[PDB]
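Laboratory data are not the source of any read-out in this text; all were calculated from the coordinates shown. For neighbour counting, all protein chains shown are included, and Cβ atoms are generated from backbone atoms with ideal geometry for every residue, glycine included.
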Amino acid sequence: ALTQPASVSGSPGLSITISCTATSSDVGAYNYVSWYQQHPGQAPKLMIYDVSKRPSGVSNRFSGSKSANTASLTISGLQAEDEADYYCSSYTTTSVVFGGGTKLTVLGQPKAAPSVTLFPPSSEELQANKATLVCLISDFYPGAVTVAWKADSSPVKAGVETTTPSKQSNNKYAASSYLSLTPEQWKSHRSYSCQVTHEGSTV
Amino acid sequence: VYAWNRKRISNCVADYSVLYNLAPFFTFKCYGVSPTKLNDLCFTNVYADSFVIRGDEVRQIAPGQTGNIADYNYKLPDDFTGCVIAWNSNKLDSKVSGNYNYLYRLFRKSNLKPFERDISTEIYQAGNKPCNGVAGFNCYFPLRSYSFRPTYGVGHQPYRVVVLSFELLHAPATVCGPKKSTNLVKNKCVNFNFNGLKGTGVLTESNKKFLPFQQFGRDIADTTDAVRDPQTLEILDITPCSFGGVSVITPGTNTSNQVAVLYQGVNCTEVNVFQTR
Amino acid sequence: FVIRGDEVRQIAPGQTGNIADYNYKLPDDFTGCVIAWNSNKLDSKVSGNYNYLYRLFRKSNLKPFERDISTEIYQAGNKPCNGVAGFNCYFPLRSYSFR
Amino acid sequence: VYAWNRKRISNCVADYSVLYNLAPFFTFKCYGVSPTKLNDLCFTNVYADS
Amino acid sequence: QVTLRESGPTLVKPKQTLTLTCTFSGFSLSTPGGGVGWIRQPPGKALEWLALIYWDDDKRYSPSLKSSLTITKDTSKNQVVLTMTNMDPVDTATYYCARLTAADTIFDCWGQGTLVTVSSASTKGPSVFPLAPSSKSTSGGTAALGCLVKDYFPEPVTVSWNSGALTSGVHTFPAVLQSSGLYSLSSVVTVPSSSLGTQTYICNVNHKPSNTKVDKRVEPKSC
């Protein structure tokens with residue numbers, strides 16, 4: 001198949017390169033090689049095929065070459081809207097290999113703070129014993145949060161851990177809070193305050 | 001390969017400049033008259049063939065070569081006056097696991113005669129044992145299948161070859177080029193070019209009884225003495241321009257510098273003046 | 001031209017890096033000889049030599065045989081950086097401290 | 001399989017018409033030369049693996 | 001331009017035959033060198049080619065999987081159909097059908113993707129209960145209201161508050177898999193407290209595998 005680097009880092013404005021090695025290249029001459037781009041939540045679109053040429057609708061920031069047997073993707077002028085997975089694909093003797101993945105992490109952004117939003121449950125699910133209070137938080141750059149759901153007691157989560165990157169338009173990592181509030185213990189809980197701890201600023 | 005097409009074109013204007021602005025044709029080896037000086041050339045009958053071969057086999061389309069496709073699939077005569085056009089077609093004639101829609105002939109009794117299309121399927125019997133519907137040691141299908149995989153270098157990639165066979169003989173031309181025409185001036189020694197036949201001379205209305213099927217006319221030598229106008233169907237005689245020898249009568253440089261000129265072959269009306277024999 | 005020691009291999013044709021995409025690129029059909037030698041004896045100085053510079057930020061990749069001597073501030077994001085060197089806007093030419 | 005003994009055959013007349021008396025071979029494909037023109041070409045030193 | 005849309009049932013019983021189709025519009029499949037293929041993308045993994053058809057009825061499949069992958073063309077109605085048998089709980093992935101324009105352009109235009117999650121579970125009825133934007137959400141800045149659609153096994157489900165208009169605002173974050181083997185979404189809209197009490201807001205759940213679209217709203221409550 002084709003091996004690719006797992007994680008590639010790049011400062012905004014510089015240029016980084018990918019490596020599409022041979023890895024027991026039954027591809028032969030390695031004539032045709034196409035690179036794709038797949039943002040989290042969208043479909044992979046072609047960025048550069050036949051690296052000596054480029055398709056229409058792609059800026060000059062993307063370019064590629066292959067010295068002897070390894071194809072490289074040269075992406076100059078990195079921006080915030082470039083953190084996506086890239087794949088090199090060629091023609092094998094009996095199939096069409098797509099290689100591995102390559103995640104681009106463009107550092108150099110201010111650490112955002114997550115806003116807490118504890119939406120009160122409407123008076124429709126409480127009559128059916130479905131207390132499912134939510135403390136959905138989002139808009140944070142690091143991506144490592146730990147909610148501390150507690151009604152003035154031992155803080156527990158019980159299902160809040162979800163590992164959702166959610167690389168939306170603002171490129172800020174989101175979260176997803178879900179509580180296991182017992183339908184019978186809802187009367188005992190005064191308000192069930194919500195506290196979220198962030199990276200760096202743990203308070 | 002074994003079923004190369006042949007679409008003869010006639011009675012049309014051929015502008016070969018269109019082929020240059022097409023896909024890169026880095027095989028335009030005109031084994032014939034000329035690659036560049038081709039638009040200003042009238043033809044009689046042009047036969048355009050087509051076939052798809054590998055990369056290392058394009059060099060066998062030249063007039064006179066050995067191999068497997070130049071001896072049993074498609075052979076060109078040694079007097080082929082034409083142009084062979086080929087280009088790398090490894091973009092639509094190739095597919096995963098190889099394309100099996102292009103078959104070529106491998107085994108045959110004798111060498112293919114020039115311009116022969118052998119459309120047949122018989123098990124070649126190579127020896128004693130005669131076969132009926134099976135294939136073994138002396139029997140095998142003569143039509144092998146190419147393997148056009150998009151994985152090899154350019155040595156075996158499919159190459160779409162189109163060969164244009166020209167005739168260029170004394171016949172009424174039907175396929176000329178994009179060159180324009182002019183007005184016919186008879187009584188003047190000028191440069192004429194009728195269907196490629198260049199030259200200079202005086203054109204006069206000849207009283208020769210040209211048959212309806214005859215166009216050119218030659219004298220005791222292989223020189224065009226009369227040609228029929230391709231537009232108005234008029235027979236004109238081609239008389240050469242006014243030439244002749246020149247002699248200088250010199251009494252001697254030591255004596256004087258006056259000299260006399262003797263135009264040999266002139267009647268004093270086509271150059272004191274004195275007419276001699 | 002004077003480059004850094006870890007960038008001599010970026011001069012050979014068909015190479016990618018920092019001076020071969022933003023500063024000086026040699027054509028792939030190069031028909032010459034590259035000659036280099038160590039010059040730390042007459043170029044290095046105490047506290048670094050801030051006379052030699054090199055380009056770090058550029059929109060596109062430099063074409064072969066192009067001498068870009070411009071010094072406009074590199075613009076990132078959506079803001080119209082005129083001359084302010086903010087968080088996303090930096091100076092194109094940086095100094096090669098040669099200690 | 002891994003101990004194929006190569007027989008370096010040279011300086012002789014290679015008559016390929018004696019390989020038809022054995023059991024019917026399942027594969028007789030010549031990958032690069034013509035079986036019909038095999039009895040006409042002159043080789044230097046033919047090697048035979050087993 | 002080229003528009004490659006997919007269809008077919010996303011949720012099915014295990015050990016069956018899928019009927020994932022690919023309705024292509026904007027080009028003719030009879031062009032020399034063209035073709036439509038299929039690419040698999042497991043969650044959190046890389047791409048992998050499955051099958052590919054051409055303009056001359058040539059059917060190329062992956063060398064690993066040949067006893068189940070059976071593709072066919074229906075150019076009469078422009079709908080490429082893919083069928084695969086022996087469904088195991090390892091094939092759960094988002095399938096894509098991309099057009100192969102030529103050999104040099106390997107799958108230039110792709111589709112949108114259809115997730116097929118079939119291991120053990122059947123469909124589940126979604127419970128739609130919007131969260132009332134009470135004084136807590138009002139005084140706490142933006143009174144974000146979100147429908148609490150939960151208790152559903154199939155992952156692909158779209159929501160949009162007041163469909164047609166208000167394209168932005170909705171968060172639409174990925175669901176969370178709890179211990180009940182089900183999913184739950186709480187997509188809230190970023191509409192502020194300017195005018196939300198006298199209007200109507202419905203997130204328009206589109207749980208297609210269950211064939212259920214419950215549109216309902218809520219009123220401001222008092223804690």
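What the table below lists for this structure:
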| read-out | value |
| --- | --- |
| Partner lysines for B:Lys109 [C-alpha distance under 30 Å; skip if fewer than 8 residues away on the same chain] | B:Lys7, B:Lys75, B:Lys129, D:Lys29, D:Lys37 |
| Cα-derived Rg to Rh of the range B:195-245, Kirkwood definition | 0.97 |
| Square roots of five times the Cα gyration tensor eigenvalues for the range A:30-71, Å | 20, 12, 8 |
| Per-peptide average of other Cβ atoms within 10 Å, ordering A:129-142, E:64-77 highest first | A:129-142, E:64-77 |
| Relative exposure of B:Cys83, B:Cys139, E:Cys22, judged by other C-beta atoms within 10 Å (fewest first) | B:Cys139, B:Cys83, E:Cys22 |
| Residue-averaged beta-carbon neighbours from other chains (10 angstrom radius) around E:216-222 | 2 |
| Cα-Cα over 20 Å, subset of E:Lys124/E:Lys208; E:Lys124/E:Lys221; A:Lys130/E:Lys124; E:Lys136/E:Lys221 | E:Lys124/E:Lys221 |
| Other protein chain Cβ atoms within 10 Å, averaged over every residue that makes up E:172-181 | 5 |
| Within-15-Å neighbourhood charge of E:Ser120 [Cβ basis; K, R +1; D, E -1] | 0 |
| 5 angstrom amide H check on E:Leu65, placed H, neighbours 5+ away | none |
| Neighbour-count ranking [beta-carbon atoms within 10 angstrom, fewest first] of A:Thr94, C:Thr31 | C:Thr31, A:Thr94 |
| Mean separation of Cα contacts under 8 Å (6+ apart) over length of the range E:135-195, as relative contact order % | 47 percent |
| Residue-averaged [θ]222 nm for chain C, counting only DSSP H segments that reach four residues, each worth -39500 (n - 2.57) | -1000 deg cm²/dmol |
| Shape call, the range C:20-74: gyration tensor on alpha carbons, a/c limit 1.5 | oblate |
| Qualifying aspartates and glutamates (Cα of each under 20 Å from Cα of B:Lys188; at least 8 residues distant if same chain) | B:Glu205, B:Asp225, B:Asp229, B:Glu234, B:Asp237, B:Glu270 |
| Two-decimal Rg/Rh across chain C, once Rg and the Kirkwood Rh are taken from alpha-carbon atoms | 1.01 |
| Mean separation of Cα contacts under 8 Å (6+ apart) over length of chain C, as relative contact order % | 31 percent |
| Estimated vicinal HN-Hα couplings, Hz - the range C:82-99 in sequence order (Karplus 6.51, -1.76, 1.60; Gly, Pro = x) | 7, x, 7, 9, x, 6, 8, 10, 10, 7, x, 9, 10, 8, 9, 5, 10, 8 |
| Cut-off under 5 Å, modelled amide H: who pairs with B:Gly201 long-range | B:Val190, B:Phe192 |
| Hull shadow area, averaged, the range A:1-106 [alpha-carbon convex hull, nm²] | 6.5 nm² |
| Other protein chain Cβ atoms within 10 Å, averaged over every residue that makes up A:120-133 | 5 |
| log₁₀ of I(q)/I(0) at q = 0.10, 0.11, 0.16 Å⁻¹ - chain B, Debye sum with one point per alpha carbon | -0.74, -0.82, -1.23 |
| Amide proton proximity set for E:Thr212, modelled H, under 5 Å, gap of 5+ | E:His207 |
| Derived scalar couplings ³J(HN,Hα) [the range E:198-209; Karplus, 6.51 cos²θ - 1.76 cosθ + 1.60; whole Hz; x for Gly, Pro] | 8, 9, 10, 10, 9, 6, 6, 4, 10, 5, 5, x |
| Overall form of the range A:70-143 per C-alpha gyration tensor (a/c, 1.5; a/b vs b/c) | oblate |
| Global geometry of the range B:94-172, whether rounded, prolate or oblate, following the gyration tensor of its Cα atoms and the 1.5 cut on a/c | oblate |
| B:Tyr263, C:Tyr54 arranged by Cβ crowding within 10 Å, fewest neighbours leading | B:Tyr263, C:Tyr54 |
| By average C-beta atoms within 10 angstrom, highest first, the peptides B:250-258, A:161-169 | A:161-169, B:250-258 |
| Which of E:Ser137, B:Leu38, B:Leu164, positive extreme of dipole for the protein assembly as shown (C-beta unit charges) | E:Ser137 |
| ³J(HN,Hα) computed for each position of the range B:245-250 - Karplus, 6.51 cos²θ - 1.76 cosθ + 1.60, integer Hz, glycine/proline x | x, 10, 10, 10, 8, 10 |
| Cubic angstrom per residue, convex hull over Cα atoms of chain A | 170 Å³ |
| Spatially proximal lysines relative to A:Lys103 (Cα-Cα < 21 Å; intrachain offsets below 8 disregarded) | A:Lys45, A:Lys66, A:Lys111, A:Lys167, A:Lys172, E:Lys45 |
